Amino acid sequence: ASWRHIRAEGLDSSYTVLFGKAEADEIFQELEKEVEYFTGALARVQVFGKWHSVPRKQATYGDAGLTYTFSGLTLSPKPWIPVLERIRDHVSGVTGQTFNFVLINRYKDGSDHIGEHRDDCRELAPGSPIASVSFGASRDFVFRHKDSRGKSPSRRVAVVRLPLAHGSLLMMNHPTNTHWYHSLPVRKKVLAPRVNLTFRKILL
């Protein structure tokens, strides 16, 4: 397989296209048909002392007993469904890595987005890679170094930007998530939905 390697100080990621257009279309269609997203109380987070409905849709699937907590919200995983098992298994065969959990974020259009954060969970296994699989509209994905944020930053490490295309895989390897914040910024010109799956290895 041919990878585009994304390297910088404390940044170690790789990008590849897994599926051609026809297959990625079929997978996207099946995801749209089958994935059940959280609503209501399970779609609200607390950040900086205020509660917000998330500006997107979220779903969690994976092995029994696991939980996923961030920003005052705890999500329980739904049992695996065939479309998700298909992708999980393909990623595993391509990378040599295993996953027991997937977070699904759906961005209805360019106005849907996700703010800056690190995936520095306690429930995430130490040094475990994260596999980010994208379907639908291409969206720009942004890495920012932790020491380069704020009015008076410690460092001036350049922002790393990557478009994530339909049918693509972004592998985020250790120690990417200790040093770098990532986000999916608003892109007003994007009119079409995007579904992103982040496969992870969660501790019970």
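So that there is no doubt, residue numbering starts at 1 and follows the sequence shown.
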Exercise. Averaged over C-alpha atoms, is the B-factor higher for 31-39 or for 150-158 in this PDB entry?
Worked result: 150-158
For this session: May I ask you to compare 141-149 and 42-50 by their mean CA B factor in the entry and name the higher one?
Result: 141-149
Exercise. How does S134 rank on Cα B-factor within its chain, lowest, middle or highest third?
Worked result: lowest
For this session: Going by the recorded CA B-factors, say which third of the chain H174 sits in, lowest, middle or highest.
Result: highest
For this session: Just say lowest, middle or highest third for the CA B-factor of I87 relative to the other modelled residues in its chain.
Result: middle
Exercise. If you rank the chain by CA B-factor, which third does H113 end up in: lowest, middle or highest?
Worked result: lowest
Exercise. In terms of the chain's CA B-factor thirds, is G93 lowest, middle or highest?
Worked result: middle
